[PDB]
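Student: Quick one: the structure is below, questions incoming.
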Amino acid sequence: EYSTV
Amino acid sequence: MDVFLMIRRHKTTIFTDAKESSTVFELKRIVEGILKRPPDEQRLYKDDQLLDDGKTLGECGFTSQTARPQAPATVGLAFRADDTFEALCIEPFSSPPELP
Amino acid sequence: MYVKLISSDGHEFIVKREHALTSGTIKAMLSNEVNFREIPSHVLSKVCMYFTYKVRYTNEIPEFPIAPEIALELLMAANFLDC
Amino acid sequence: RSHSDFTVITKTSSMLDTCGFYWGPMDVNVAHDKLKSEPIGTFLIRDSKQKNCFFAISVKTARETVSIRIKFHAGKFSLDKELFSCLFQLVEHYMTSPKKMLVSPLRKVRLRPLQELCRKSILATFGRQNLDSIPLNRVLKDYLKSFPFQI
């Protein structure tokens, strides 16, 4: 589970 | 908890630790083994306040929160010169120079 | 038991022998007294605090404070004392 | 390919091993489970099991623990729109900004040597630019340039 900003 | 101290007299500084529940007299016993002076020839000070023998370090204001390993509390030390105890005298450390 | 460390200005610092063995340099030149004719007292006192700081918290560790005015001289001592 | 991009990645990898908070090949689950017990804002750099991703940064935000991938494109490092030449220049940037997404790095050894703590203070007050205006000899000046960051 990865994301950004 | 444990309290970390700096016992200073003239140009001598002793780094040591003790229990917050330990007494000032126990601290004098530590200095006796190091500087070869008996407890009846020693006087320990917090700033200008003379510490009582039967009071614990916590009761004297030395708490683990205010005397950390990286910031040990300063305890003044004076020895007995014949009749009386010499005046408290702690030689200050040097100061760093001004920033370039 | 205890060892005595003397600074350039003649200030005597008495610390536990096990604490002084942290420095590889001090460990190499010790039998009960070591003379540091090139390190001032305000730097050597800060190093002695680091010995207690390093040995106690070697295990969230509180930050070791370093004033900017002593950072240059303290770096020279740390590089020499190997710690 | 790409020319001097090889000279950059090989240089950062040496700095990745120099710093303490690089954990190399690390599972995403253990990275989030390790940081869940750490205070808010504690970040960490580790390898990424993906094929198109060199490194990942795992930070604990106020809401949850997130892992963000790091993109490298034409000699510039970016997080998953600000490009940076060095990876630790990217780390220092997000550490100094008011957003405080990153605050403290979880190092393998939490207690750093006195030389590193002094080095971090030297760079914080003078800067990597003034590193040559310092009255310090070559051995110490080179040590400051070995890892010139406030991190």
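Ordering of the structure tokens sets the chain letters (A, B, ...); residue numbers start at 1 within each chain; ligands are numbered from 1 in the order shown.
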Could you go through chain D and tell me which residues DSSP, when run on the backbone, assigns to strand (DSSP E), listing them as a ChimeraX atom specification?

Tutor: /D:22-25,42-47,55-60,65-73,76-79,104-105

Student: Could you list, as a list in words, every residue of chain C that has an atom within 8 Å of an atom of chain D, counting only C-alpha atoms?

Tutor: residues 50, 54, 57, 58, 60, 61, 64, 66, 68, 71, 72, 74, 75, 76, 78, 79 and 83 of chain C

Student: Excluding same-chain residues fewer than 2 positions from residue 69 in chain D, what lies within 9 Å of it counting only C-alpha atoms, as number ranges by chain?

Tutor: A: 2-4; D: 48, 53-58, 67, 71, 78-80

Student: Quick one: residues within 12 Å of residue 48 in chain B, only C-alpha atoms counted, chain neighbours fewer than 2 positions away excluded, as a VMD selection string?

Tutor: chain B and resid 43 to 46 50 to 51 74 to 78 87 to 90

Student: With distances taken over only C-alpha atoms, which residue among D:5, D:17, D:33, D:27 lies nearest residue 74 in chain D?

Tutor: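 Among D:5, D:17, D:33, D:27, it is D:5 that comes nearest to residue 74 in chain D.
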
Student: Return as a PDB file with N, CA and C atoms, in the first residue's frame the full set of residues in chain B whose backbone-based DSSP assignment is alpha helix (DSSP H).

Tutor:
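Here's the written file out.pdb:
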```pdb
ATOM      1  N   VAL B  24      22.435  12.731  50.831  1.00  0.00           N
ATOM      2  CA  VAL B  24      23.624  13.546  50.595  1.00  0.00           C
ATOM      3  C   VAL B  24      24.847  12.907  51.240  1.00  0.00           C
ATOM      4  N   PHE B  25      24.661  12.264  52.396  1.00  0.00           N
ATOM      5  CA  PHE B  25      25.787  11.622  53.069  1.00  0.00           C
ATOM      6  C   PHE B  25      26.361  10.491  52.228  1.00  0.00           C
ATOM      7  N   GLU B  26      25.496   9.736  51.541  1.00  0.00           N
ATOM      8  CA  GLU B  26      25.982   8.723  50.609  1.00  0.00           C
ATOM      9  C   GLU B  26      26.841   9.344  49.517  1.00  0.00           C
ATOM     10  N   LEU B  27      26.506  10.565  49.091  1.00  0.00           N
ATOM     11  CA  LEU B  27      27.328  11.250  48.099  1.00  0.00           C
ATOM     12  C   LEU B  27      28.687  11.622  48.680  1.00  0.00           C
ATOM     13  N   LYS B  28      28.718  12.036  49.950  1.00  0.00           N
ATOM     14  CA  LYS B  28      29.993  12.318  50.603  1.00  0.00           C
ATOM     15  C   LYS B  28      30.853  11.064  50.684  1.00  0.00           C
ATOM     16  N   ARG B  29      30.220   9.905  50.882  1.00  0.00           N
ATOM     17  CA  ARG B  29      30.959   8.648  50.918  1.00  0.00           C
ATOM     18  C   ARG B  29      31.618   8.347  49.579  1.00  0.00           C
ATOM     19  N   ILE B  30      30.986   8.752  48.474  1.00  0.00           N
ATOM     20  CA  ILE B  30      31.578   8.546  47.156  1.00  0.00           C
ATOM     21  C   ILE B  30      32.812   9.421  46.984  1.00  0.00           C
ATOM     22  N   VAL B  31      32.728  10.685  47.404  1.00  0.00           N
ATOM     23  CA  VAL B  31      33.861  11.596  47.275  1.00  0.00           C
ATOM     24  C   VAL B  31      35.024  11.134  48.143  1.00  0.00           C
ATOM     25  N   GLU B  32      34.729  10.486  49.273  1.00  0.00           N
ATOM     26  CA  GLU B  32      35.792  10.007  50.152  1.00  0.00           C
ATOM     27  C   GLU B  32      36.668   8.975  49.450  1.00  0.00           C
ATOM     28  N   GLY B  33      36.052   8.053  48.709  1.00  0.00           N
ATOM     29  CA  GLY B  33      36.818   7.063  47.971  1.00  0.00           C
ATOM     30  C   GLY B  33      37.615   7.629  46.815  1.00  0.00           C
ATOM     31  N   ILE B  34      37.233   8.795  46.306  1.00  0.00           N
ATOM     32  CA  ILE B  34      37.883   9.401  45.149  1.00  0.00           C
ATOM     33  C   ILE B  34      38.944  10.415  45.562  1.00  0.00           C
ATOM     34  N   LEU B  35      38.588  11.354  46.436  1.00  0.00           N
ATOM     35  CA  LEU B  35      39.479  12.445  46.809  1.00  0.00           C
ATOM     36  C   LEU B  35      40.144  12.239  48.163  1.00  0.00           C
TER      37      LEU B  35
END
```

Student: Residues of chain B were defined as contacting chain C if any atom lay at most 7 Å from it, counting only C-alpha atoms; please report them as an MDAnalysis selection string.

Tutor: chainID B and resid 11:16 69:70 93:99

Student: Could you take the residues named above and write them with C-alpha atoms, as a PDB file, in the first residue's frame?

Tutor:
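Output contents, as saved in again-v2.pdb:
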```pdb
ATOM      1  CA  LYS B  11      39.585  23.024  39.347  1.00  0.00           C
ATOM      2  CA  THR B  12      38.311  19.490  40.070  1.00  0.00           C
ATOM      3  CA  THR B  13      35.127  18.029  38.566  1.00  0.00           C
ATOM      4  CA  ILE B  14      33.731  14.593  39.455  1.00  0.00           C
ATOM      5  CA  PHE B  15      31.138  12.991  37.177  1.00  0.00           C
ATOM      6  CA  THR B  16      28.970  10.540  39.112  1.00  0.00           C
ATOM      7  CA  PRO B  69      23.411  12.578  31.725  1.00  0.00           C
ATOM      8  CA  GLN B  70      23.811  15.233  29.017  1.00  0.00           C
ATOM      9  CA  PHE B  93      35.261  26.545  32.659  1.00  0.00           C
ATOM     10  CA  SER B  94      36.664  28.385  29.668  1.00  0.00           C
ATOM     11  CA  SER B  95      34.362  29.928  27.102  1.00  0.00           C
ATOM     12  CA  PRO B  96      34.149  29.207  23.371  1.00  0.00           C
ATOM     13  CA  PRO B  97      35.275  32.047  21.093  1.00  0.00           C
ATOM     14  CA  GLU B  98      32.973  34.286  19.065  1.00  0.00           C
ATOM     15  CA  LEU B  99      31.477  32.807  15.919  1.00  0.00           C
TER      16      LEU B  99
END
```

Student: Skip residue 63 in chain B itself and residues of its chain fewer than 4 positions away, then list as a list in words all residues within 8 Å of it, counting only C-alpha atoms.

Tutor: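 Returned residues: residues 3, 20, 57, 58 and 67 of chain B.
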
Student: Store the residues of this selection in a file with C-alpha atoms, as a tab-separated table (two decimals), in the first residue's frame.

Tutor:
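This is the output file part-v4.tsv:
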```
chain	number	residue	atom	x	y	z
B	3	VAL	CA	20.19	11.45	38.98
B	20	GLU	CA	17.13	10.13	43.62
B	57	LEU	CA	18.87	14.05	46.60
B	58	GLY	CA	15.23	14.29	45.52
B	67	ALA	CA	19.77	16.38	36.10
```

Student: Between D:30, D:101, D:86, D:68, which is the closest to residue 1 in chain A once you count only C-alpha atoms?

Tutor: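 Among the listed residues, the smallest separation from residue 1 in chain A belongs to D:68.
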
Student: So how far away is CA of residue 79 in chain B from CA of residue 42 in chain B, in Å?

Tutor: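 Straight-line distance from CA of residue 42 in chain B to CA of residue 79 in chain B works out to 5.0 Å.
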